[PDB]
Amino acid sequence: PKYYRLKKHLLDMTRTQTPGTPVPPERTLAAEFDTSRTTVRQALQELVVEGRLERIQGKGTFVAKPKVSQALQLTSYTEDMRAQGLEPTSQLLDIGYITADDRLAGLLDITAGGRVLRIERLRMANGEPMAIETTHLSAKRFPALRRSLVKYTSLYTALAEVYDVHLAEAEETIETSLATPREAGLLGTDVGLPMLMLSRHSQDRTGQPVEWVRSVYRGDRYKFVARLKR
């Protein structure tokens, strides 16, 4: 009751206020509406996750820009950021070989203990981290892939030119996830901010598995768009 109108005014204070506007202090809001101070957290955290507010860990919480959009599709992260007026940067967090547990093997259609190239990228937009993306490929199926990536910006450019392998279909899973400590750290958010967790099974033009990708997108700043028929 006291909660709804609170949310309603706050929701209406976005819409119109431009990003950067500081949100009134949580303890001020509790009195300005004679509501409990936890009822204020709730309303605010909803509006952070719903993307109208944004928490800056040193500074505070402010009216936010709309969430960044990306199409549910095998497509360019760079082209989509740019189309929205955002400079896209990436950062190679790690790249190394590992050995699959039995299921990563099931995914990659390789033997337990099989060697796997792993790649972790931090995706940025205007220099603000948005996602962490971890890609797994069968090292044996792609003998010297890492060494070849030196001379390439796009992993999928590398696979097409060098291995004559093109992504042709993917099964993709979208679900919720809380930001783990390691995740929150790389992304500069709270533990555990709600996340969009994407899992991608990709197969090429002759139908064999190419990669398995595990990705978490900031739930406060990100959304995905799908376009459907009939």
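Note that residue numbering begins at 1 and tracks the sequence as displayed.
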| property | result |
| --- | --- |
| Residue stretch of maximal mean CA temperature factor, 55 to 63 vs 172 to 180 | 55 to 63 |
| Stretch with the greater mean C-alpha B-factor as recorded in the entry, comparing 3 to 11 against 219 to 227 | 3 to 11 |
| Candidate residues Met197, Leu187, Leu193, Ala30, the one whose C-alpha B factor the record puts highest | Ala30 |
| Third of chain Cα B-factors occupied by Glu79 | middle |
| Lowest, middle or highest third - CA B-factor, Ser36 | highest |
| Third assignment of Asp101 from its chain's C-alpha B-factors | highest |
| Entry-reported Cα temperature factor of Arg141, expressed as the chain third it lands in | middle |
| Within-chain third of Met130 by Cα B-factor, per the entry | lowest |
